[PDB]
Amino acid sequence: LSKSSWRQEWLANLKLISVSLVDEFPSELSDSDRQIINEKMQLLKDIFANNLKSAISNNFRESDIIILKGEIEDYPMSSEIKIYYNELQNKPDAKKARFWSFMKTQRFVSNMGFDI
């Protein structure tokens, strides 16, 4: 596959995908750091809804793509997202969801033609 064919296959799939953007910050940050991440998350929500034409879901368990406020390895064991992630990793036959950090999501969206 070429990058052009890769982009078209993603776009066709994104029309049939539900995306969840989580509330939980994995670690202690300042008010300034949290505001910077939140502003980036809000821009990503708009790109997925308006440009990629995905459905925004409020339930991370009813989503194909999960956008995180950090890396999955950074979330505590007691965290609901971390528990669900661990439960999915153990089941080979389970329905697969992607867990993307907000940095990985920014790079993906830029590779789709929406540079942010």
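A residue's number is simply how far along the shown sequence it sits, counting from 1.
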property	result
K15 unmodelled in at least a third of other compared entries	no
Other entries modelling both neighbours but not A94, at least a third	yes
Of 44-52 and 87-95, the one with larger mean CA B-factor	87-95
Comparing 104-112 with 16-24, the one whose average Cα B-factor in the PDB entry is higher	104-112
Peak C-alpha temperature factor (PDB record), options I66, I81, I37, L29	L29
